[PDB]
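Trainee: Structure incoming, see below.
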Amino acid sequence: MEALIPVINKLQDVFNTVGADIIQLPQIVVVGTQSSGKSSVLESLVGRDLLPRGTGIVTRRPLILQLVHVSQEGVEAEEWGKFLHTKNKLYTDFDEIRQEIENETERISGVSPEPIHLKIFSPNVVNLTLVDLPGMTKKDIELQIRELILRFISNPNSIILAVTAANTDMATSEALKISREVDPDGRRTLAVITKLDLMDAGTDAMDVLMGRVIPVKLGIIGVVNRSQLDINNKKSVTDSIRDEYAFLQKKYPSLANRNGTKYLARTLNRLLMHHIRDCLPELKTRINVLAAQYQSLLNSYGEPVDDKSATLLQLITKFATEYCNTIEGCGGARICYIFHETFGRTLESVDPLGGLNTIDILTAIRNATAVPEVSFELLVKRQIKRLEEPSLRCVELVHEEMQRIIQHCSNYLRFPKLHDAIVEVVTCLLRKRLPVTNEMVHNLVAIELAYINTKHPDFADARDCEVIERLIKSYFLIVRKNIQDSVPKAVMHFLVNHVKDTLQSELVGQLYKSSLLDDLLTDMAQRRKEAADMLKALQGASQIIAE
Amino acid sequence: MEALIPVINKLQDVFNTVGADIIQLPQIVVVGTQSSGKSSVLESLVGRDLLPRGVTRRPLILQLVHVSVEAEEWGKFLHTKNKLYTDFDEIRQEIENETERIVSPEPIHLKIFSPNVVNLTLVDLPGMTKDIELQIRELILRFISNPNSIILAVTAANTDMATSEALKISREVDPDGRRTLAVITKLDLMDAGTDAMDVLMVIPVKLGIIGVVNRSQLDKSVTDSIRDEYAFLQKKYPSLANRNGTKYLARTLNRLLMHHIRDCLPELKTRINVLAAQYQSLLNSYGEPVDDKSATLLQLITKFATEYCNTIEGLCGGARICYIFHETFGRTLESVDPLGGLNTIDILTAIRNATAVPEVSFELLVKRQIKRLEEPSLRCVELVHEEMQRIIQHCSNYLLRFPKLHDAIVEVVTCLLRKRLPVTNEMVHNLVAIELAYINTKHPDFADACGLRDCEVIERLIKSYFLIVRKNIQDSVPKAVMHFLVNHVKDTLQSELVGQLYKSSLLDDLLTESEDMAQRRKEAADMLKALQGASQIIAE
């Protein structure tokens with residue numbers, strides 16, 4: 001179980017650059033009011049004053065203090091430290107360690127969630143790690166602090182070290198109240214009572230240390246640390262802890278064995294140790310699922326941008342098939368729709384005799400004499422003329438639905459330069475094709491106005618205007634049937650099918666030029685950077701839980 | 001009527017430049033051998049030696068006109097118009113000159135005015151000498175073949191007249207002597223052993241005979261000679277003096293010619309009028325003044341245009366085209382079989398690859420069937436071309456008469472067609488290719504024609628669909644052609660013809676008439692002019 005405490009410390013270190021809150025890591029958080037003297041508690045564990053008590057300001061960041069027993073095996087210093095933010099630098103002067111803790115706080119231009131990872135090596139300490147948090151003040162900043170404390174203490178695997186001075190009434194403790202918000206029955210909260218010599222009845226919690234009543238299940242431990250004056254005199258922590266044992270032996274003799282600094286360190290060391298072993302089987306499982314999740318995110322993003330010329334070949338060739346595909350089955364079917372549900376409904380609604388008054392028929396006849410058939414060709418030749426616009430209109434409707442398909446596969455790339463270039467290339471490609479197709483359309487109608495055969499199989503022959622009327626409806630009907638089939642077919646040849654073939658390669662040809670590559674492969681690369689860092693932290697972490 | 005012999009002379013002058021033997025005028029032609037002394041006969045009529053004695060190769064039409085400057089006797093030739101000759105040595109010299117200058127059928131018209139002569143006109147012809163001679167004999171025939179031509183056959187009493195070359199040629203065109211008057215010269219060389227004493231008294237010719245004695249070689257005033265002749269007749273042959281001699285002969289010719297003209301003149305009037313009307317139509321059949329050159333280009337070309345639009349849309362042209370559209374392009378296409386070439390195995394092969408729905412197999416199949424309708428369509432277009440560039444020859448043959460211009464126009468049109476053939480042919484290709492692009496199954500005529616195993620059905624589908632797609636093209640292609648080739652050109656030809664051609668630069672070249680056919684019009688315009696001219700002369 002010796003191996004177990006260091007691995008969690010090693011685990012925590014891996015995580016600080018990137019944020020440990022996503023993994024429910026097993027550790028103990030220390031929560032107390034500034035007046036509870038929680039700093040003294042921590043300084044009494046290490047056995048030296050290494051936390052700032054400086055007159056000036058308060059500390060704004062959680063300090064993860066990892067104490068590691070070193071024994072056994084110029085000359086070698088007995089006590090020393092190293093910070094994770096400094097990397098390798100080894101501290102032998104404890105005044106500098108304290109100044110660096112103070113400094114790192116000052117360093118941020124409020125409160126901040128970035129933890130500080132200080133490791134202290136000493137033969138006088140037990141192996142134990144604790145996460146100190148900014149103290150409460152029983160309103161703009163203090164709530165920032167409470168919210169931050171909650172971020173830590175909301176963790177399921179987080180044991181709570183609740184520090185309260187015996188000086189006050191423990192049932193009304195600000196510390197005990199916040200612990201209760203996340204842990205109602207106090208199933209994972211350990212209480213610490215400082216200032217035992219200030220105990221009297223008086224106020225509680227004299228009664229809790231005796232177990233009547235008990236607001237937490239991990240129990241309570243009493244201590245007495247150095248207060249200011251003795252803090253004005255350099256009353257060494259070593260002398261103070263010695264002073265504390267004597268105190269407990271005379272006042273409260275029957276409890277000496279469940280209180281004091283030496284005993285508190287042993288219990289926390291035992292309890293931290295016992296807690297991780299218990300939660301470690303679920304933790305391995307927990308990092309692995311997360312590993313796979315992050316891996317998929319990286320795979321879905323990445324985009325490794327392996328080599329720039331090669332990536333363009335892969336990103337744009339796929340834009341070609343997301344295209345030929347959809348036009349050939361919005362589809363693909365908006366098109367058939369437009370060809371067989373709308374261009375049809377229109378054309379069919381064109382009257383074979385609209386506009387043509389009886390008088391107009393009579394006028395054609397009069398000039399014809401100056408044979409009904411001659412009147413007939415001129416008449417019909419004006420009826421067949423009203424079919425071009427809808428046909429032309431049809432073409433436009435198709436263009437519409439095609440220029441719209443690209444966004445349908447803009448929405449189905456993250457390179458603003460590349461995506462924009464390709465779109466312009468396609469949107470423009472169609473404009474080049476819109477004249478050609480429109481002309482064959484014009485012809486198709488115009489061929490009809492050129493010959494008007496009467497030897498057509500679907501024709502019937504042939616008072617006076619009575620029949621002419623019948624003739625025109627008859628012929629126009631077949632000529633419409635013609636156009637209504639040939640125009641859609643037309644569009645498909647010159648615009649739709651032309652483009653499917655073309656785009657496959659004119660895209661690569663205008664785009665695939667090495668000069669423009671730097672431009673196209675140019679942001680939310682940070683989302684990937686956030687993931688690349690997390691992914692890496694997890695794999696390394698999983699590596700550590702093994703052995 | 002004094003007036004009749006002069007009008008004839010006017011009649012002869014009007015037709016000296018143009019060929020006068022179309023009209024067949026009333027006149028007397030003198031035919032004789034060179035030894036007959038025919039020159040002497042003519043010289044004894046006029047009363048002066050004016051004929052050359054020194058070979059004349061052109062007919063000399065000698066018109067004598069009674070006059071009773086300042087001379088009493090004088091002449092004028094038609095060619096030296098208006099010049100009055102007072103020296104008869106010059107007249108003789110001019111005759112020699114006019115002859116040497118060019125045998126020839128073109129006559130020379132010499133008129134002599136004198137109080138000693140009677141009003142009389144005679145056409146002298148070159149003498150025979152019992161293949162230069164034959165041109166002359168042939169020439170004599172051109173004149174004496176004339177129905178209204180009286181023949182003055184001159185023979186010497188010296189020889190035998192029944193064997194007369196002159197009488198023989200006269201007999202060739204006029205078997206009996208029905209319009210031939212015989213003249214016997216050299217009477218003083220007459221003796222019992224000849225045919226001649228007997229005739230002057234057996235009748236060879238019907239117009240009768242007249243005897244004379246003229247000046248012979250080695251001779256003497258003509259005036260003295262005729263006086264000498266009267267004396268001869270008064271002593272020898274007294275009983276015939278009154279039927280012979282120069283004086284009597286002049287009297288006879290003047291009388292016989294005059295009565296003959298009045299008699300033939302009614303029909304002559306009728307005859308000239310008909311030829312005039314006839315020639316005018318001929319001029320009309322050439323009919324091109326070419327007064328305004330620009331106007332000719334404008335009208336000759338505009339009419340070839342209307343000679344065009346007409347025929348393509350209504360020999361034809363009008364229906365040969367439709368024929369080709371609804372009788373040939375149709376029989377083929379209709380006979381193009383569906384499933385043609387497509388064995389069952391190809392369909393099974395199509396399915397295997399369709400795999401790894409029947410419809411996908413169907414599109415690949417039909418899309419290969421529809422490809423076969425293009426060639427005939429393309430073929431159709433050309434057939435129209437065939438029949439159209441060919442219509443141009445149909446209105447080269449149905454005019455000009457402007458060879459440079461006509462040839463250019465053919466090139467202008469024939470090439471015009473060459474310009475539209477790419478366009479139309481491309482539209483044809485598209486029309487077929489259009490079907491191969493979408494192949495809808497929601498066509499209204501599909502459920503019906505669809506007729507109602617795996618390949619069992621596909622086979623029926625393909626037949627069904629190809630059928631409608633066929634129905635499409637056989638109607639749409641002609642329509643196509645009509646837009647881009649036939650109808651385009653009709654509009655077109657009216658002005659792109661005019662625009663390339665209508666250039667002042669090209670007027671001289673194009674409107675150049677053919678020299679072979681430009682001369683025939685000139686021979687006719689001048690002939691008609693004279694016929695008109697002759698009529699006004701006759702109009703009194």
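Protein chains in written order, with the entry's author numbering: chain B, 1 to 73, 84 to 119, 124 to 152, 160 to 350, 361 to 401, 408 to 449, 455 to 504, 616 to 675, 679 to 703; chain A, 1 to 54, 58 to 71, 85 to 118, 125 to 152, 161 to 231, 234 to 251, 256 to 350, 360 to 401, 408 to 449, 454 to 507, 616 to 703.
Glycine included, every Cβ here is placed at the ideal spot set by N, Cα and C.
Starting from the Cα of residue 48 of chain A, find the closest Cα among A:88, A:348, A:71, A:25 and give me that residue.
Mentor: Per the Cα distances, A:88.
Trainee: List the residues of chain B whose Cβ lies closer than 7 Å to the Cβ of residue 492 of chain A, in chain order.
Mentor: Result: 642, 645, 646, 650.
Trainee: Check for me: the beta strand (DSSP E) holding residue 226 of chain A runs from which residue to which?
Mentor: That residue, residue 226 of chain A, is in no beta strand (DSSP E); its alpha helix (DSSP H) goes 226-230.
Trainee: In the structure shown, what three-state DSSP assignment does residue 637 of chain B receive?
Mentor: Of the three classes helix, strand and coil, the one that applies to residue 637 of chain B here is helix, per DSSP.
Trainee: Can you tell me which of the three DSSP states residue 155 of chain B falls into?
Mentor: No coordinates are present for residue 155 of chain B, because the numbering of chain B runs from 152 directly to 160.
Trainee: Quick one: Cα of residue 41 of chain A to Cα of residue 277 of chain A, how far?
Mentor: Each residue's alpha carbon lies about 17 Å from the other.
Trainee: Within 10 angstroms of its Cβ, does residue 470 of chain A collect 16 or more other Cβ (buried), or is it exposed?
Mentor: Residue 470 of chain A should be labelled exposed.
Trainee: Per the contact definition of three or more C-beta pairs closer than 8 Å, is the region 478-498 of chain B in contact with the region 381-394 of chain B?
Mentor: No: fewer than three Cβ pairs fall under 8 Å.
Trainee: Along the region 364-386 of chain B, what residues have a CB closer than 7 Å to any CB found in chain A?
Mentor: Per Cβ criterion, the list reads 371.
Trainee: Quick check on DSSP: helix, strand or coil for residue 462 of chain B?
Mentor: Reduced to three states, the DSSP call for residue 462 of chain B is helix.
Trainee: Does residue 497 of chain B have its Cβ less than 7 Å from a Cβ in chain A?
Mentor: Yes, its Cβ sits closer than 7 Å to a Cβ of chain A.
Trainee: Just the C-alpha distance for residue 331 of chain B and residue 484 of chain B, rounded to the nearest angstrom, thanks.
Mentor: Their Cα atoms are separated by approximately 44 Å.
Trainee: Using a beta-carbon distance below 7 Å, is residue 654 of chain A in contact with chain B?
Mentor: No, residue 654 of chain A does not count as interfacial toward chain B.
Trainee: Which residues of the region 477-492 of chain B have a Cβ closer than 9 Å to any Cβ of chain A? Give them in chain order.
Mentor: The region 477-492 of chain B vs chain A, Cβ under 9 Å: 482, 485, 486, 488, 489, 490, 491, 492.
Trainee: Does the separation of the CB atoms of residue 432 of chain B and residue 644 of chain B fall below 7 Å?
Mentor: Yes, these two residues count as a Cβ contact at 7 Å.
Trainee: Check the Cβ-Cβ distances between residue 391 of chain A and every residue of chain B, and say whether any is below 7 Å.
Mentor: Judged by the 7 Å Cβ criterion, residue 391 of chain A is not in contact with chain B.
Trainee: Check whether the Cβ atoms of residue 141 of chain B and residue 68 of chain B sit closer than 7 Å, and answer yes or no.
Mentor: For residue 141 of chain B and residue 68 of chain B, yes; Cβs fall inside 7 Å.
Trainee: Bridge partners for residue 146 of chain A per DSSP, in chain order?
Mentor: Note: residue 146 of chain A sits in a beta bridge opposite A:30, A:63.
Trainee: According to the neighbour-count rule (16 or more other Cβ atoms, all chains shown, within 10 Å of its Cβ), is residue 345 of chain B buried or exposed?
Mentor: Exposed: under 16 other Cβ atoms inside 10 Å.
Trainee: Going along chain A, which residues have a C-beta under 7 Å from residue 447 of chain B?
Mentor: Near residue 447 of chain B there are no residues of chain A at all, since even the closest Cβ is about 27 Å away, more than 7 Å.
Trainee: Ordered along the chain, which non-local residues of its own chain (more than five positions away) have a Cβ less than 7 Å from that of residue 417 of chain B?
Mentor: Cβ within range, chain order: 494, 625, 628, 629.
Trainee: Pull up the distance between the alpha-carbon of residue 339 of chain A and that of residue 427 of chain B, whole angstroms please.
Mentor: Near 42 Å, if we compare the C-alpha coordinates of residue 427 of chain B and residue 339 of chain A.
Trainee: Would residue 144 of chain A and residue 28 of chain A be called neighbours here (beta carbons separated by less than 7 Å)?
Mentor: Taking 7 Å as the Cβ cut-off, residue 144 of chain A and residue 28 of chain A qualify as a contacting pair.
Trainee: Run down chain B in chain order and give the residues with a C-beta less than 8 Å from the C-beta of residue 639 of chain A.
Mentor: The contacting residues are 489, 635, 639.
Trainee: Could you please give the first and the last residue of the uninterrupted beta strand (DSSP E) stretch that includes residue 136 of chain B?
Mentor: Its beta strand (DSSP E) spans residues 130-136.
Trainee: Just list the alpha helix (DSSP H) runs in the region 238-276 of chain B, keeping only unbroken ones of 4 residues or longer that don't cross its boundaries, in chain order.
Mentor: Within the region 238-276 of chain B, the complete alpha helix (DSSP H) runs of at least 4 residues are 258-271.
Trainee: With DSSP as the reference, identify every bridge partner of residue 101 of chain A, one or two as the case may be.
Mentor: Answer by DSSP bridge pairing, in chain order: A:91.
Trainee: Our contact map puts residue 125 of chain B next to residue 60 of chain B with C-beta atoms below 8 Å; I'd like the distance itself, whole angstroms only.
Mentor: About 5 Å; that satisfies the 8 Å criterion.
Trainee: Would the region 99-118 of chain A count as touching the region 166-186 of chain A if we require 3 or more Cβ pairs under 8 Å?
Mentor: Output reads no: the region 166-186 of chain A does not touch the region 99-118 of chain A.
Trainee: Take residue 188 of chain A and list the residues in its own chain whose beta-carbon comes closer than 6 Å to its own, dropping the five residues that flank it on each side.
Mentor: Cβ within range, chain order: 216, 219.
Trainee: Taking residue 459 of chain B and residue 672 of chain B to be in contact with their CB atoms under 8 Å, please state how far apart those CB atoms are, rounded to whole angstroms.
Mentor: Yes, residue 459 of chain B and residue 672 of chain B are in contact; Cβ-Cβ is about 5 Å, under 8 Å.
Trainee: Distance check for residue 467 of chain A and residue 631 of chain A, CA to CA, integer angstroms please.
Mentor: Going by the C-alpha atoms only, they are around 41 Å apart.
Trainee: Grab me the residues of residue 412 of chain A's own chain with a C-beta within less than 8 Å of its C-beta, minus the 5 sequence neighbours each way, in chain order.
Mentor: Taken in chain order, the residues that qualify are 392, 395, 396, 399, 621.
Trainee: Under the DSSP definition of a beta bridge, which residues are partnered with residue 184 of chain B?
Mentor: According to DSSP, residue 184 of chain B bridges with B:32, B:213.
Trainee: Looking at residue 230 of chain B: is its Cβ nearer than 7 Å to the Cβ of residue 146 of chain B?
Mentor: Cβ atoms of residue 230 of chain B and residue 146 of chain B: not closer than 7 Å.
Trainee: If you draw a straight line from the alpha carbon of residue 675 of chain B to that of residue 663 of chain B, how long is it in whole angstroms?
Mentor: Between residue 675 of chain B and residue 663 of chain B, the C-alpha separation is close to 18 Å.
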